[PDB]
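Residue numbers (the numbering used here): 2 to 290.
Built from N, CA and C at the ideal position, the CB exists for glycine as well.
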Ligand code: HEM
């Protein structure tokens with residue numbers, strides 16, 4: 002099973018920067034969402050969930066097909082709450098109807114990271130919408146109530162190693178959990194991309210509590226929370242080494258995150274040798290907009 006990237010006809014860097022700008026301007030304008038967190042974090046989560054269905058064994062799932070637009074995937078209980086991100090992007094899809102669904106969902110993630118003062122993330126175009134029968138079945142996204150061994154094994158399906166896993170998990174500095182979506186609550190209200198996830202893991206006094214959905218989570222008096230899968234990063238000696246590395250080197254964390262997130266968004270896609278190089282988009286701030 003081969004998914005070959007095909008550039009939207011006649012489109013170049015300037016077309017995709019226009020789409021980035023549209024997303025970025027709406028992120029700035031629709032700022033009230035989720036108690037003034039804004040849509041940044043949910044767009045990062047959406048980019049990850051549409052990519053995180055991939056299976057390296059048979060090349061099914063992944064971002065290429067834009068299959069989240071179909072009912073089976075849209076209604077996956079693992080995707081509860083992502084409808085808010087889809088609704089955000091819908092007017093963008095209408096203004097730029099030539100962009101494929103997988104390109105738009107993945108670009109929404111890149112735009113959100115960058116606009117939240119995260120690292121630059123190189124991005125490639127050419128995902129092509131595939132039909133409804135290519136939609137992966139539910140149950141390919143990870144459970145939160147598990148341990149390190151589970152996390153490690155899970156991410157092997159996505160061809161991610163320990164360092165890639167720990168770097169990706171730093172996105173849990175962003176946004177929050179919502180009881181009605183996942184059965185976890187809390188986490189604060191952060192919408193600036195930093196390495197604080199690692200600092201918080203190492204420095205907070207964590208307590209194992211049960212929430213109103215009868216699930217266990219780790220809570221601190223500062224108002225932060227860790228999922229069991231988050232906390233497992235300090236229980237496993239290989240993960241703990243990497244947590245310490247990112248807690249002590251913001252730049253290293255940004256660079257490793259950028260590479261792992263690009264890889265996540267590109268898994269399953271074959272880029273022809275003559276494809277355009279990856280694009281690095283300017284932020285609104287860089288453009289003076
Ligand atoms: C073992 C892997 C993972 C598990 C079990 C996991 C689980 C969760 C759960 C339960 C929530 C709360 C959803 C809600 O209640 O709204 C969440 C939020 C989030 N996750 Fe993950 N996650 C994992 C990996 C990742 C990765 C790899 C990324 C991105 C690189 C990511 C980015 C986010 C973001 C940005 C939010 C906040 C969304 C919002 O504020 O609406 N997560 N995660």
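- When secondary structure is reduced to three states using DSSP, residue 84 falls in the helix class.
- Shown here for residue 131: same chain residues with a beta carbon closer than 6 Å to its own, the five before and five after excluded, namely 66 in chain order.
- Rounded to whole angstroms, the separation of the alpha carbons of residue 133 and residue 250 is 44 Å.
- Contact between residue 103 and residue 64 is confirmed by a C-beta separation of about 5 Å, below the 8 Å threshold.
- With a threshold of 7 Å, the Cβ atom of residue 10 does not count as near the ligand HEM, since no heavy atom of the ligand is closer than that.
- The straight-line gap separating the alpha-carbon atoms of residue 238 and residue 23 is approximately 43 Å.
- Spatial neighbours of residue 2 in its own chain (CB-CB distance under 8 Å, excluding positions within 5 residues in sequence) are listed in chain order as 59, 60, 61.
- Restricted to the segment 182–229, the beta strand (DSSP E) segments that are unbroken, complete and at least 3 residues in length are 187–191, 208–211, 217–220, listed in chain order.
- Runs of beta strand (DSSP E) with 3 or more residues, each lying fully within the segment 126–178, are found at 176–178, listed in chain order.
- For residue 8, the CB contacts under 8 Å within the same chain, skipping 5 residues up- and downstream, are 126, 127, 276, 277 in chain order.
- The residues 180, 186, in chain order, have a CB closer than 8 Å to that of residue 213 in the same chain once the five nearest residues on each side in sequence are set aside.
- DSSP, reduced to helix, strand and coil, places residue 94 within a helical segment of the structure shown.
- In the displayed model, residue 58 falls within coil according to three-state DSSP, outside both helix and strand.
- Looking at 80, 195, 101, the one whose alpha-carbon comes closest to that of residue 140 is 80.
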